[PDB]
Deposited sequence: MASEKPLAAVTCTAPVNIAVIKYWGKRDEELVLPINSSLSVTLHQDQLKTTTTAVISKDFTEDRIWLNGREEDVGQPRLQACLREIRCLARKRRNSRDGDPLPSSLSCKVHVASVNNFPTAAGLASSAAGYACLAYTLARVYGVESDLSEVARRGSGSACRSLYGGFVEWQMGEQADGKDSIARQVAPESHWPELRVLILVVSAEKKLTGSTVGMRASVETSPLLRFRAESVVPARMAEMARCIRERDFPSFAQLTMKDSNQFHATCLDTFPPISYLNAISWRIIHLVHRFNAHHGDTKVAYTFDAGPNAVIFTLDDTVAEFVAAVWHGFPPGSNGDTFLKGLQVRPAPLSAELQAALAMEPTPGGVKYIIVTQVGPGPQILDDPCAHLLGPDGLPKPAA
């Protein structure tokens, strides 16, 4: 009998950047993230076991990756090592474009750990299982606001994930992913964070005497639902992450011209309202992740539309949660003070805080057919 689950992606507000152990995958600092809603973004994963299967084979979007990959190996190990009816088959897919944003690896391994976890009846906490596949994958194991504890034990056993606050905790929070125009071939995050660790004297200071306090401060902002404090912290930590990339040698560059016009749009927007109503955060690419409350989504989206008009359609420019087009104040439009960049923004994914991985209950949803694919 096949089993199928779905998993979410998550956006780090206190960024994870740099490993202290590349083998067990342990971070030099802890991280705090927000789980996005599977209604909008998700990874579907189907697993089936045995009958003396034609080995262990895993499918992703179509291409039949290899089980030899050191990452899958480590993952397949943890689950099987935790199993205290042999061969396994897995097929997974997702609904987020490879252009969309990042955090696709985490989601994928989170769903992998969850699906297989229950293909063996593993009731245990499988953070370690997902972590070995993808560091930040453990944060996608719970819904709402999740932290990835760097861990203190060299055996990488306490470097797990824990919920800071459930989905229902902040019903008003909203998340926007602004997929920007970009050609620049980006350096990978695994390869790049390694170079930052080997060469960035500022990265060492960030982890030793900066993050710990920010983690605590951020957990506090979430419990109290203090947006301005949440927003500020998020921007300063996004900025510091990219700062350490610039301090790496050779320097790394993920933000492009569009990234900056957006950064500047957010600060001008906030200054006009004389209040921190919007926040931005960037991962290892130029796409912008925007955090804002439900009551300010429409006006802010109307603002990006003004700054980066798609060039007639409106269709597919807004995806996910429904946003009603709002008009722009003349004073607000002036405060933005920025000539438009047509096409600057490909499209906008609108979502909210979501739950942890889900278990499906429809046979028609299984990804693996009565044997293979589809």
| query | finding |
| --- | --- |
| Missing residue ranges, deposited sequence indexing starting at 1 | 1-7, 92-106, 397-400 |
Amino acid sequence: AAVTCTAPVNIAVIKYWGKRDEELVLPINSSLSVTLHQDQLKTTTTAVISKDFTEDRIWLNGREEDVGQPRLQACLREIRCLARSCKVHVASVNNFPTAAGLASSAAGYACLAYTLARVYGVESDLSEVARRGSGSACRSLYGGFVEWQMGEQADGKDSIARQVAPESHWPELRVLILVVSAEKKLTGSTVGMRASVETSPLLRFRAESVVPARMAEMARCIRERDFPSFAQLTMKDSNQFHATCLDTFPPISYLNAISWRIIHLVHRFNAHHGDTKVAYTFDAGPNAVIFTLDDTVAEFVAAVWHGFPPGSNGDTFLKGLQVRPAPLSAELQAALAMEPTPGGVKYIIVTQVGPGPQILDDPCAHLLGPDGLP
From here on, numbers count along this sequence of modelled residues.
item	value
Between the two ranges 74-82 and 226-234, the one averaging a larger CA B factor in the entry	74-82
Which of 197-205 and 126-134 has higher mean CA B factor, as the PDB entry lists it	126-134
Criterion, highest CA B-factor; candidates, 298, 211, 246, 117	117
Identity of residue with top Cα B-factor, from 29, 38, 61, 341	61
Ranked against its chain, the third holding the CA B-factor of residue 335	middle
Third of the chain's Cα B-factor distribution that residue 282 belongs to, per the entry	lowest
Chain-wide C-alpha B factor ranking for residue 43, given as lowest, middle or highest third	middle
CA B-factor ranking of residue 327, expressed as a third of its chain	highest
Third of chain Cα B-factors occupied by residue 276	middle
